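As given, the protein sequences belong to chains A and B, one line each in that order.
Taking UniProt numbering, the leading residue of the first sequence gets 971, the next gets one more, and so forth.
Taking UniProt numbering, the leading residue of the second sequence gets 391, the next gets one more, and so forth.
Ideal Cβ placement from N, Cα and C applies to all residues, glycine included.
See structure below.
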Amino acid sequence: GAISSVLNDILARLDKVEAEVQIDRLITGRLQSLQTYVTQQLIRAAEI
Amino acid sequence: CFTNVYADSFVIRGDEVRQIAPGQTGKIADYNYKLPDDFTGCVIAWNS
């Protein structure tokens, strides 16, 4: 839902607090992606 | 109840009273009197 996936283009145009509206999204969808690789590897490991 | 009350006081033109808000950027909030992005506090103001 946010504007860019390389970080500085945001840091260069917004403050310290609409930062907490526009960096957290990327952090969340990233955390979710890590949570999928780790659970999918944790299920995958039980096949192995 | 609060661990302390600290009260900060000054007089400013109305075009800048908005800068008396959390994490605000700009001249008066940047170099005159300053609030963090977490300011666990209030602003009380009137035309004087």
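Next on the checklist: I need the DSSP call for A/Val1008, collapsed to helix, strand or coil.
Outcome noted: The answer is helix: DSSP assigns A/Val1008 an H, G or I state.
Checklist entry - I think B/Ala435 touches B/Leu425, with their Cβ atoms under 8 Å apart; what is that distance to the nearest whole Å? => result Wrong, their Cβ atoms sit about 13 Å apart, outside the cutoff.
Item to check | Where A/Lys986 sits in the DSSP three-state scheme | outcome: Here A/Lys986 sits in coil by DSSP.
Next on the checklist: Determine, for B/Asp427, whether the minimum Cβ-Cβ distance to residues of chain A falls below 8 Å.
Outcome noted: By this cut-off, B/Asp427 is an interface position.
Next on the checklist: Between the alpha carbons of A/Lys986 and B/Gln409, how many angstroms are there, rounded?
Outcome noted: Cα to Cα, the separation comes out at about 14 Å.
Item to check | Collapsed DSSP secondary structure at B/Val407 in the structure displayed | outcome: Helix, per DSSP.
Checklist entry - Which of the three DSSP states, helix, strand or coil, is assigned to B/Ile418? => result In the structure shown, B/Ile418 adopts helical secondary structure according to DSSP, grouped into three states.
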